[PDB]
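J.: Structure in structure tokens, see below.
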Amino acid sequence: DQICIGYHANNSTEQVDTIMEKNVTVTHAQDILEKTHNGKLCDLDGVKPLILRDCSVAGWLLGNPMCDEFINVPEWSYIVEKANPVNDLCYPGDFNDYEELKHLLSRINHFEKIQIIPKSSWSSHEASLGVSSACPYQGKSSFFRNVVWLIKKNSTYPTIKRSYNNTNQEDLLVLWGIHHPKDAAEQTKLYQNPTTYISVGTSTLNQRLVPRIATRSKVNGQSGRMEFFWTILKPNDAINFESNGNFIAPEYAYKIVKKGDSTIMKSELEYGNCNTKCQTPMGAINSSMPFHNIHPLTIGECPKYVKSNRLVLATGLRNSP
Amino acid sequence: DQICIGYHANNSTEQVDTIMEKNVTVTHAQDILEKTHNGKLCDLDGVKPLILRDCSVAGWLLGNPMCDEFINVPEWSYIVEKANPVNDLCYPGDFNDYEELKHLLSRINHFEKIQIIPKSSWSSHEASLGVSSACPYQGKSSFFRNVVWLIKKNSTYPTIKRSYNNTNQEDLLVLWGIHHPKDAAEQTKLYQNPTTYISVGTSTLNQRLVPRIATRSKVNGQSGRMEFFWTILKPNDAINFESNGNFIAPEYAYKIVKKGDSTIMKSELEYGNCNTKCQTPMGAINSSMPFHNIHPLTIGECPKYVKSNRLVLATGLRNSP
Amino acid sequence: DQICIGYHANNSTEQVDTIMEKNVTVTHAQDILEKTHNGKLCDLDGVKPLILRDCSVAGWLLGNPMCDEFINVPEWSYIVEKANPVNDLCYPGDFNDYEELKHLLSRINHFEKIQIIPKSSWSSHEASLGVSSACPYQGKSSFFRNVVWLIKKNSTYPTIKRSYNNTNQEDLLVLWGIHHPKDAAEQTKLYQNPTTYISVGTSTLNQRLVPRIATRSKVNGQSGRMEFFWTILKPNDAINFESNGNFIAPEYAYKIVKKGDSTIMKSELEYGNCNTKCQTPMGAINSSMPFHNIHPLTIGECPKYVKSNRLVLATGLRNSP
Amino acid sequence: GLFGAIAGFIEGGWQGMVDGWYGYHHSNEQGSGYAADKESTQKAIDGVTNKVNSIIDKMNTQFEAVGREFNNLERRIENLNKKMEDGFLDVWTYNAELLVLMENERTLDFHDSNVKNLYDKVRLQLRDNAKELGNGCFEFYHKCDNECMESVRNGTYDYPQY
Amino acid sequence: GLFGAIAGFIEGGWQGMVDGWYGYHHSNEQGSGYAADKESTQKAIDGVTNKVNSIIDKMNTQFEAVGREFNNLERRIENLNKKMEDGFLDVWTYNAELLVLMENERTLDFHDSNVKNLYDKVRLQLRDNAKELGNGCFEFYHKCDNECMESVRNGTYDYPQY
Amino acid sequence: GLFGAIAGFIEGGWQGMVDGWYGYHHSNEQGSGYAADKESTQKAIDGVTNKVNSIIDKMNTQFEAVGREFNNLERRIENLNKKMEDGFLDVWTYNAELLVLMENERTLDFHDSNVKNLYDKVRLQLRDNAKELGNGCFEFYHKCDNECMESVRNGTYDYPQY
Ligand SMILES: *[C@@H]1O[C@H](CO)[C@@H](O[C@H]2O[C@H](CO)[C@@H](O[C@H]3O[C@H](CO[C@H]4O[C@H](CO)[C@@H](O)[C@H](O)[C@@H]4O)[C@@H](O)[C@H](O[C@@H]4O[C@H](CO)[C@@H](O)[C@H](O)[C@@H]4O)[C@@H]3O)[C@H](O)[C@H]2NC(C)=O)[C@H](O)[C@H]1NC(C)=O
Ligand SMILES: *[C@@H]1O[C@H](CO)[C@@H](O[C@H]2O[C@H](CO)[C@@H](O[C@H]3O[C@H](CO[C@H]4O[C@H](CO)[C@@H](O)[C@H](O)[C@@H]4O)[C@@H](O)[C@H](O[C@@H]4O[C@H](CO)[C@@H](O)[C@H](O)[C@@H]4O)[C@@H]3O)[C@H](O)[C@H]2NC(C)=O)[C@H](O)[C@H]1NC(C)=O
Ligand SMILES: *[C@@H]1O[C@H](CO)[C@@H](O[C@H]2O[C@H](CO)[C@@H](O[C@H]3O[C@H](CO[C@H]4O[C@H](CO)[C@@H](O)[C@H](O)[C@@H]4O)[C@@H](O)[C@H](O[C@@H]4O[C@H](CO)[C@@H](O)[C@H](O)[C@@H]4O)[C@@H]3O)[C@H](O)[C@H]2NC(C)=O)[C@H](O)[C@H]1NC(C)=O
Ligand SMILES: CC(=O)N[C@@H]1[C@@H](O)[C@H](O[C@@H]2O[C@H](CO)[C@H](O)[C@H](O[C@]3(C(=O)O)C[C@H](O)[C@@H](NC(C)=O)[C@H]([C@H](O)[C@H](O)CO)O3)[C@H]2O)[C@@H](CO)O[C@H]1O
Ligand SMILES: CC(=O)N[C@@H]1[C@@H](O)[C@H](O[C@@H]2O[C@H](CO)[C@H](O)[C@H](O[C@]3(C(=O)O)C[C@H](O)[C@@H](NC(C)=O)[C@H]([C@H](O)[C@H](O)CO)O3)[C@H]2O)[C@@H](CO)O[C@H]1O
Ligand SMILES: CC(=O)N[C@@H]1[C@@H](O)[C@H](O[C@@H]2O[C@H](CO)[C@H](O)[C@H](O[C@]3(C(=O)O)C[C@H](O)[C@@H](NC(C)=O)[C@H]([C@H](O)[C@H](O)CO)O3)[C@H]2O)[C@@H](CO)O[C@H]1O
Ligand SMILES: *[C@H]1O[C@H](CO)[C@@H](O[C@@H]2O[C@H](CO)[C@@H](O[C@@H]3O[C@H](CO)[C@@H](O)[C@H](O)[C@@H]3O)[C@H](O)[C@H]2NC(C)=O)[C@H](O)[C@H]1NC(C)=O
Ligand SMILES: *[C@H]1O[C@H](CO)[C@@H](O[C@@H]2O[C@H](CO)[C@@H](O[C@@H]3O[C@H](CO)[C@@H](O)[C@H](O)[C@@H]3O)[C@H](O)[C@H]2NC(C)=O)[C@H](O)[C@H]1NC(C)=O
Ligand SMILES: *[C@H]1O[C@H](CO)[C@@H](O[C@@H]2O[C@H](CO)[C@@H](O[C@@H]3O[C@H](CO)[C@@H](O)[C@H](O)[C@@H]3O)[C@H](O)[C@H]2NC(C)=O)[C@H](O)[C@H]1NC(C)=O
Ligand SMILES: *[C@@H]1O[C@H](CO)[C@@H](O[C@@H]2O[C@H](CO)[C@@H](O)[C@H](O)[C@H]2NC(C)=O)[C@H](O)[C@H]1NC(C)=O
Ligand SMILES: *[C@@H]1O[C@H](CO)[C@@H](O[C@@H]2O[C@H](CO)[C@@H](O)[C@H](O)[C@H]2NC(C)=O)[C@H](O)[C@H]1NC(C)=O
Ligand SMILES: *[C@@H]1O[C@H](CO)[C@@H](O)[C@H](O)[C@H]1NC(C)=O
Ligand SMILES: *[C@@H]1O[C@H](CO)[C@@H](O)[C@H](O)[C@H]1NC(C)=O
Ligand SMILES: *[C@@H]1O[C@H](CO)[C@@H](O)[C@H](O)[C@H]1NC(C)=O
Ligand SMILES: *[C@@H]1O[C@H](CO)[C@@H](O)[C@H](O)[C@H]1NC(C)=O
Ligand SMILES: *[C@@H]1O[C@H](CO)[C@@H](O)[C@H](O)[C@H]1NC(C)=O
Ligand SMILES: *[C@@H]1O[C@H](CO)[C@@H](O)[C@H](O)[C@H]1NC(C)=O
């Protein structure tokens with residue numbers, strides 16, 4: 001008669017690594033790395049993302065005429081921009097401190113567009129001929145919808161003195177611009193006055209822009225340039241414009257109604273008609289694992305990203321052949 | 001008769017954590033995390049800090065009239081500034097490259113204030129009416145004490161050509177400014193000349209400022225602005241000013257006598273009449289522990305900061321019930 | 001009769017450290033930290049580095065007359081610049097966005113210098129008197145070889161309108177400059193026109209420079225300054241210059257023929273007539289160790305840098321006295 | 001393994017022991033079979049479960065990357081941003097993979113230790129009333145029926161009785 | 001524990017042994033008492049003391065945060081600065097907490113090992129001149145007075161003498 | 001060591017055993033000598049070799065510093081750059097030195113364990129046909145010639161034969 005001491009074995013083929021030995025077969029193990037995603041852009045926690053499609057953030061905010069889809073967008077969870085959107089600045093130029101603005105958007109979930117300087121209140125200037133073939137719409141020449149490209153009326157451009165007071169409770173994103181013409185002839189042709197400026201003031205801002213003339217290569221058929229600027233106008237503060245010519249005046253500006261968690265996600269994927277708790281630029285994640293290896297830039301309640309191909313913990317013991 | 005092998009037990013209730021088991025009672029243990037501070041701002045190694053109180057670094061350096069307490073400060077160990085000091089720029093405006101200057105101060109323990117351009121050497125200009133109600137002192141209008149706000153004398157502002165040569169052995173911090181007026185009338189009212197400039201040159205510097213006019217919101221009762229600039233004038237170099245108007249001239253400048261270990265500590269606490277070897281924004285530390293969890297920003301000979309609530313090492317063995 | 005179980009011993013004096021005990025003598029051990037270098041700058045994988053010697057990157061690229069050694073340099077593996085090269089900007093001034101350009105060079109292995117605006121094509125301006133005593137060559141006054149310092153001819157400086165079209169397949173580094181004179185007399189003396197500018201345009205660039213006059217300290221015998229600018233001209237784009245005076249015109253510009261792995265290594269050492277697979281600022285490395293402690297900034301196929309003085313792994317067992 | 005039992009002096013595991021990690025196999029005139037040692041099995045479950053949660057929990061606070069965009073003349077800071085994000089990823093990847101390797105080694109050794117301690121526990125009861133065969137088994141000098149066998153598993157094997 | 005002695009075959013510690021971590025308890029006609037094993041106790045003190053200093057020392061060089069201020073249009077680099085400082089804190093917090101957990105496990109196991117080795121050391125001297133009771137104790141076949149007991153603690157128990 | 005064999009109950013190593021890490025020494029009327037245990041020696045070589053490669057391999061991906069230059073009014077970002085490069089160096093230095101200390105302790109203990117298991121393996125074969133002397137040696141009751149000795153090293157020592 002005998003009694004023996006021994007231990008469990010089973011049909012497991014699960015393997016784990018240790019420092020001294022790789023591919024040790026064990027009776028039980030626990031994978032802790034999520035390796036799969038659904039391959040789609042999805043609603044975060046019910047709240048749909050802003051999918052800019054072929055538009056950029058600039059094209060959206062300035063109101064590029066090819067971006068009418070986003071003329072009034074509801075609140076978003078996150079934003080999705082392509083690596084190289086085709087509908088950026090239709091009329092060539094620059095967006096000043098663009099990257100700092102996009103960073104500002106990572107803390108914003110909802111804008112409310114409102115009118116601050118009506119297009120039909122420019123009685124001393126022509127305000128309906130501020131268009132170009134570089135910004136087409138339905139076959140006709142158009143322009144960034146949110147700003148007014150003002151020109152001379154009956155061969156005069158008198159000084160503009162316009163002020164807007166932020167009586168709203170919410171911070172306000174104000175956009176405007178300056179036009180750089182091809183040469184001296186174009187300057188007088190549009191604005192009459194040969195030497196001009198745009199002065200902009202708030203409680204913090206003290207700006208004075210002057211147009212830089214230069215012979216420039218054509219970009220979308222234009223030698224001229226548009227340089228766009230912005231500020232955040234705080235509650236009870238007023239913005240003050242004075243100009244001599246070359247002024248691209250604000251028409252619409254965005255109220256910042258909701259601030260919170262957001263992100264601009266760079267991706268070529270489109271909307272997935274889909275819902276998730278954790279989103280990445282190449283698809284959504286749905287698992288209880290503590291780790292994943294899909295992509296470092298995620299939003300939501302996510303596992304921690306690691307670069308591993310494999311993380312498996314031993315729970316049971318060494319299995320017998 | 002028998003002999004037994006065994007091990008120590010005692011009345012200890014000290015507990016430690018391991019990977020497989022939490023709250024294991026042990027006979028002996030060693031805490032290695034300092035959790036307490038004295039709640040006070042203290043002298044570092046005998047050397048008292050500069051406590052700016054309600055003043056900012058700008059208010060101090062420019063000589064805001066409400067900051068006479070710091071008109072001549074002895075050498076410091078570290079500097080203490082509130083999150084939102086009320087006595088900053090009394091007259092509204094900007095301090096150019098302010099953050100880069102504050103960084104420079106982290107390597108400075110002592111300034112010696114000296115006079116470079118005497119206030120009573122401006123014979124061709126009025127140099128005692130450069131005041132404003134935004135910078136009050138004892139009920140009367142005053143101004144930043146370290147710079148001179150020059151205006152026209154008998155309806156003329158002739159060109160200024162003034163040069164200072166750094167004959168001191170020590171690097172010199174020189175401050176000056178430009179005034180931005182409300183409108184064209186104010187410009188001529190103060191300076192006569194309608195179009196003005198300030199040109200500043202050293203061996204490295206090649207500056208030319210021009211005043212930007214714009215309609216601005218009132219801040220402390222002023223539509224005008226003051227933009228302040230600085231440079232480090234090296235030994236044997238000379239600074240050269242030329243101006244047409246709008247010049248805020250240096251009166252006093254700071255010798256940099258001692259360079260070394262310092263820091264600008266952000267805190268709402270006041271002086272503690274107290275001494276320590278290791279200081280934090282919420283109190284001083286006095287322990288021999290290798291770690292602490294008070295605050296990441298410390299100065300002196302300190303333990304290493306960690307975010308833990310508890311670090312306790314087992315020294316003895318598992319204790320018996 | 002007996003049989004005993006036992007273990008190996010030998011004459012080893014090799015020691016390793018553990019957590020509980022230091023300097024444990026073991027029968028065998030393996031050092032994993034490379035501690036030695038050859039003390040020389042060497043060819044990387046056969047390909048010799050660019051050793052700028054007493055010249056800086058600016059002196060090289062602008063063509064400082066004391067840097068004729070590097071007038072046409074073959075492709076390099078890495079670049080070696082001293083901490084304080086004496087042949088930088090011979091005529092005092094600035095190199096705009098210099099650090100961003102040096103960063104650009106970390107991705108470049110070879111330039112091909114070509115002529116874009118011939119020196120002898122300036123028929124309306126004097127183009128062979130643009131020299132200074134601050135940039136000497138063989139006893140005579142000279143200037144940065146790659147740009148042309150143009151002055152008035154027969155007391156006139158007519159407007160310049162010159163355009164270069166990049167018909168090359170390769171990105172092009174274009175350099176130019178603006179001259180800042182001492183005073184109003186020097187301006188007219190060289191350029192006639194009292195108020196001048198330089199306007200530069202590409203598809204992306206929209207620049208307009210104006211000379212800043214100011215009384216400046218002498219540096220290498222000059223009160224005047226030269227401010228140098230650059231751009232990358234993409235294929236099929238054109239650069240457009242228009243100027244009134246003060247223009248330092250491009251003569252030569254660099255084709256970017258090879259892009260790849262490079263680095264600017266700061267070192268006082270000269271060439272070693274030598275070859276290696278892994279280079280550091282204080283010498284080359286030749287070992288199969290996984291770690292080294294020579295220097296953090298290396299180039300090539302290198303071991304990982306650590307700050308340790310000693311890394312030795314135990315392989316064998318505790319050795320007996 | 002470090003403790004010599006698993007795949008050591010006990011050559012292999014038992015497919016037949018389904019109800020626990022460690023246990024006993026008995027063999028007498030009445031029959032034979034397996035029985036799991038509940039106490040030491042549950043000890044192992046608790047230690048390994050706590051370990052897994054400790055591992056997960058320690059990796060709870062960890063670097064999260066954020067999108068930052070830079071323009072064409074901000075290449076230096078763009079590169080700094082890139083090196084920083086990547087640097088932290090590599091550090092946390094290393095921490096994760098090393099923790100798994102190290103703790104996997106300790107988990108296998110832990111099981112080996114529990115088998116060894118169970119074996120010794122039985123050895124110390126039986127003393128010289130049984131032959132230590134050297135393969136995990138004890139051959140009795142007396143006849144050991146199922147009640148006898150049960151007292152060995154109990155811890156209450158009455159050595160003075162035999 | 002891994003080595004089976006502490007809270008294993010030796011059920012509990014001794015409040016009565018004040019002068020050391022490990023030792024002996026004897027019991028004969030002359031009386032009874034405790035005596036610490038000096039050598040193995042001092043071994044334990046040295047190992048644990050070196051360990052604590054090794055832990056402290058390794059965490060000597062470590063990230064120190066510095067104050068950097070940024071303006072309203074330097075938000076990107078401010079955020080980079082923030083993520084960098086925080087990132088390193090989390091890394092060092094992790095290192096510190098993990099080192100403590102891991103080494104605490106090894107310290108408890110170290111003590112268990114020292115008790116086991118002391119027990120075996122005595123077992124190998126006595127051999128078959130005593131009954132291994134299974135609870136840490138050895139019951140002698142011969143009468144073992146205080147000099148006899150002392151030779152067991154010595155290492156000089158003359159087995160051929162008994 | 002944790003396992004009690006190396007520099008424990010086996011006082012010292014053998015200069016005379018050249019062909020392996022662990023083995024046997026025999027002594028009878030025919031003579032005496034050393035013989036390496038091939039299996040357990042090769043086990044040790046494989047474990048330690050894999051370990052060294054595992055260590056090297058884990059430290060493969062690691063922070064690489066890059067040169068970035070800044071001007072006189074970019075001091076804040078220069079300092080950030082400096083603190084970032086240094087921070088990662090300190091983290092990787094720490095990882096490297098700690099891994100070496102920790103694994104060196106485990107390597108020494110691993111060898112100790114292999115000696116202990118070899119000793120027990122022999123002990124479990126011989127059983128009560130030999131006196132356990134307490135120093136690593138077994139003194140036979142019967143005469144054990146070289147074939148006899150060989151069967152002990154084999155694993156095929158026929159206990160019923162003696
Ligand atoms: C953009 O447009 C805004 C309004 O459309 C304008 O806001 C401000 O306008 C005037 C500025 O003079 C202020 O008028 C008066 O309001 C004060 C009321 O104080 C507080 O209490 C009442 C209680 O019911 C609140 O409503 C109110 O919000 C406030 O918190 C009043 O005290 C003060 O008059 C004073 O009278 C005293 C003697 O009785 C004098 O000593 C003292 O000198 C002063 O004259 C003041 O004049 C508005 O209140 C204010 N609107 C606000 C706060 O909402 C912005 O200024 C404008 N922005 C720019 C840049 O111009
Ligand atoms: C700010 O103000 C500073 C003085 O108040 C001024 O400093 C410089 O001023 C002049 C510049 O011309 C120099 O004068 C002469 O000093 C040279 C002495 O050389 C060295 O040896 C003496 C030994 O006793 C030292 O004191 C001295 O510090 C120095 O290290 C002298 O060699 C030289 O004269 C030469 O004569 C030679 C023929 O004999 C000629 O070949 C040669 O061309 C030259 O004429 C020189 O002229 C001061 O020495 C100097 N002060 C110093 C160094 O402290 C700053 O220049 C001024 N800053 C600005 C921007 O204007
Ligand atoms: C710098 O200098 C460059 C040349 O020295 C100049 O490049 C461009 O110059 C003109 C711009 O008008 C272009 O001329 C024509 O080329 C088009 C050919 O298309 C493609 O196919 C041919 C096939 O053999 C390729 O060689 C060629 O590379 C190209 O990929 C042609 O289609 C087009 O004419 C068109 O005719 C159509 C009716 O037939 C019209 O509908 C249409 O409107 C258009 O008139 C075009 O005019 C050169 O091709 C082009 N050079 C290139 C691409 O290499 C740069 O523009 C100049 N830079 C600046 C800033 O000025
Ligand atoms: C290269 C060549 O053979 N000829 C160009 C010639 O085409 C060019 O004229 C401009 O051409 C572009 C298209 O390439 C547009 O047609 C410009 O017209 C418009 C425009 O559509 O943008 C008309 C519009 O009504 C104008 N709007 C306003 C508010 O003024 C604008 C505007 O003036 C300019 O965009 C301002 O820069 O222009 C047309 O001018 C000329 C450049 O003038 O150069 C020849 O070499
Ligand atoms: C809104 C309204 O009803 N009226 C304002 C009117 O008050 C304002 O005048 C300015 O008011 C401020 C206080 O709000 C000061 O009183 C200005 O006076 C001083 C000043 O104290 O700052 C007097 C001082 O002597 C002047 N010093 C010098 C060196 O010139 C300064 C100085 O000129 C200005 O600060 C420069 O910007 O002003 C007083 O001018 C006017 C704005 O002028 O606007 C009405 O709408
Ligand atoms: C301090 C004193 O006693 N006298 C200086 C006087 O020397 C100085 O004149 C300048 O002196 C420098 C050397 O210090 C040069 O000699 C300047 O001449 C040149 C030059 O070599 O650089 C001649 C050259 O032909 C000129 N080239 C062109 C293209 O114009 C240049 C050029 O004009 C200037 O560099 C432009 O800034 O100058 C010589 O002018 C004067 C400053 O003019 O000041 C006295 O106080
Ligand atoms: C572990 O096992 C031992 C041995 O099996 C247990 O002792 C046995 O316990 C059983 C059940 O309690 C006893 O059965 C009794 O039999 C009598 C008749 O003889 C009857 O009157 C009772 O009602 C009961 O059924 C049995 O006598 C007893 N045998 C021996 C040899 O001890 C022991 O209780 C167990 N201990 C533990 C801690 O589990
Ligand atoms: C450890 O303990 C053993 C046993 O206690 C020690 O042996 C004993 O040592 C004592 C003290 O040295 C001896 O005492 C002697 O007695 C004689 C008279 O008999 C006297 O003449 C001497 O002056 C001395 O007092 C004792 O004889 C001896 N007994 C035995 C059985 O060995 C041993 O020395 C100790 N060894 C170590 C390493 O500590
Ligand atoms: C390990 O060692 C044992 C004992 O040394 C081995 O058994 C012995 O094996 C040898 C060689 O195979 C046998 O030798 C034979 O002798 C007979 C004459 O008696 C001869 O006819 C054969 O040609 C051969 O030379 C020997 O009899 C045998 N002795 C005993 C006691 O078993 C065993 O084979 C070895 N096992 C392993 C796994 O290495
Ligand atoms: C180990 O002991 C600690 C220390 O008491 C326990 O911490 C307490 O946990 C309770 C329940 O979560 C809290 O309400 C108390 O605030 C904690 N007290 C302290 C002093 O921290 C902890 O629960 C125990 N951990 C485990 C795993 O059993
Ligand atoms: C372990 O051995 C090292 C190596 O010799 C010892 O290092 C020496 O320490 C002395 C005294 O501090 C120094 O003066 C020498 O410069 C060191 N020599 C070398 C080669 O590094 C060290 O002291 C020993 N460590 C311990 C804890 O005993
Ligand atoms: C392995 O055994 C399990 C019993 O737990 C059984 O369910 C499963 O079918 C088996 N798998 C294979 C491949 O035989
Ligand atoms: C995630 O997948 C699991 C399958 O394991 C499922 O239970 C759960 O419903 C899924 N959740 C969503 C939102 O798809
Ligand atoms: C525990 O025992 C120690 C003896 O070391 C004694 O000083 C202390 O008073 C005791 N504590 C309690 C609470 O009984
Ligand atoms: C710090 O506190 C300790 C008490 O543990 C005391 O010995 C020491 O004097 C204190 N030092 C200072 C500067 O307060
Ligand atoms: C140590 O022994 C080795 C044999 O492996 C021998 O080659 C060497 O000469 C010896 N070294 C010394 C210093 O005796
Ligand atoms: C590097 O040094 C080793 C000596 O260990 C030698 O074998 C090899 O040839 C050397 N390589 C070079 C390029 O110097």
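Residue names in the structure tokens use chain letters A, B, ... in the order shown, residue numbers from 1 in each chain, and ligand numbers from 1 in the order shown.
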Using only C-alpha atoms and all ligand atoms, find each residue with an atom at most 8 Å away from ligand 10 and format the answer as a PyMOL selection string.
T.: chain B and resi 21-23
J.: Keeping only C-alpha atoms, write the selected residues as a CSV table (one decimal), in the first residue's frame.
T.:
chain,number,residue,atom,x,y,z
B,21,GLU,CA,-0.1,39.1,-0.1
B,22,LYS,CA,-1.0,42.5,1.3
B,23,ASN,CA,-0.9,43.5,5.0
J.: Give me, as a VMD selection string, the contact residues of chain C against chain B at a cut-off of 8 Å, counting only C-alpha atoms.
T.: chain C and resid 93 212 to 219
J.: Using only C-alpha atoms, find the residues of chain B whose closest atom to chain F is at most 9 Å away, then write them as a ChimeraX atom specification.
T.: /B:97,99-101,103-104
J.: As a ChimeraX atom specification, which residues of segment 2-154 of chain E does DSSP assign to strand (DSSP E or B)?
T.: /E:6,10,14,22-27,32-36,130-132,137-140
J.: Please extract the residues at most 12 Å from ligand 11, counting only C-alpha atoms and all ligand atoms, and provide them as a list in words, using the chain letters and residue numbers of this document.
T.: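 Sorted by chain and then by number, the residues are residues 13, 14, 15, 16, 17, 18, 19, 20, 21, 22, 23, 24, 25, 309 and 310 of chain C; 46, 49, 50, 51, 53 and 54 of chain E.
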J.: Any chance you could export the current selection's N, CA and C atoms as a compact mmCIF listing (two decimals), in the first residue's frame?
T.:
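Final output, again-v9.txt:
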# COMPACT_ATOMS: atom_id res chain seq x y z
N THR C 13 39.26 35.52 -9.42
CA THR C 13 39.12 36.65 -8.51
C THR C 13 38.03 37.61 -8.98
N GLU C 14 37.35 37.28 -10.08
CA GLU C 14 36.21 38.07 -10.57
C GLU C 14 35.14 38.19 -9.49
N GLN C 15 34.56 39.39 -9.37
CA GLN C 15 33.57 39.68 -8.34
C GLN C 15 32.32 40.28 -8.96
N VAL C 16 31.16 40.00 -8.35
CA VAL C 16 29.91 40.60 -8.79
C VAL C 16 29.18 41.14 -7.58
N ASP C 17 28.24 42.06 -7.81
CA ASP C 17 27.40 42.60 -6.75
C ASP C 17 26.00 42.01 -6.83
N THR C 18 25.39 41.85 -5.66
CA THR C 18 23.98 41.48 -5.52
C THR C 18 23.32 42.49 -4.59
N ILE C 19 22.03 42.35 -4.35
CA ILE C 19 21.30 43.27 -3.48
C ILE C 19 21.79 43.19 -2.03
N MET C 20 22.01 41.96 -1.55
CA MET C 20 22.36 41.72 -0.15
C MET C 20 23.86 41.68 0.12
N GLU C 21 24.66 41.54 -0.92
CA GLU C 21 26.09 41.37 -0.73
C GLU C 21 26.86 41.94 -1.91
N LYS C 22 27.91 42.68 -1.61
CA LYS C 22 28.75 43.28 -2.63
C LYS C 22 30.05 42.53 -2.69
N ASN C 23 30.68 42.53 -3.85
CA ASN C 23 32.00 41.92 -4.02
C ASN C 23 32.05 40.43 -3.69
N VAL C 24 31.08 39.69 -4.22
CA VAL C 24 31.05 38.23 -4.13
C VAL C 24 31.97 37.65 -5.20
N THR C 25 32.98 36.88 -4.80
CA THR C 25 33.88 36.25 -5.77
C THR C 25 33.19 35.07 -6.44
N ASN C 309 29.63 52.87 -13.97
CA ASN C 309 31.06 52.58 -13.98
C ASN C 309 31.34 51.08 -14.13
N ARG C 310 30.34 50.25 -13.85
CA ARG C 310 30.54 48.80 -13.81
C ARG C 310 29.23 48.02 -14.00
N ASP E 46 23.10 41.46 8.38
CA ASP E 46 23.97 42.01 7.33
C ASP E 46 23.29 42.04 5.96
N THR E 49 20.40 44.68 6.04
CA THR E 49 20.97 46.03 6.12
C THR E 49 21.56 46.48 4.78
N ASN E 50 22.34 45.61 4.15
CA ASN E 50 22.89 45.90 2.82
C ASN E 50 21.79 46.16 1.80
N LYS E 51 20.73 45.36 1.89
CA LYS E 51 19.58 45.47 1.00
C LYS E 51 18.92 46.84 1.10
N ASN E 53 20.19 49.61 2.22
CA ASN E 53 21.11 50.62 1.67
C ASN E 53 21.21 50.54 0.15
N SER E 54 21.17 49.32 -0.40
CA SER E 54 21.16 49.13 -1.85
C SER E 54 19.93 49.76 -2.47
J.: Ligand 8: which residues are within 7 Å, counting only C-alpha atoms and all ligand atoms? Reply as a VMD selection string.
T.: chain E and resid 147 to 148 150 to 151 154 156
J.: Would you mind listing what lies within 12 Å of residue 136 of chain F as an MDAnalysis selection string, with only C-alpha atoms counted and same-chain residues fewer than 3 positions away left out?
T.: (chainID C and resid 2:7) or (chainID E and resid 121 124) or (chainID F and resid 4:13 23:26 115:120 122:123 131:133 139)
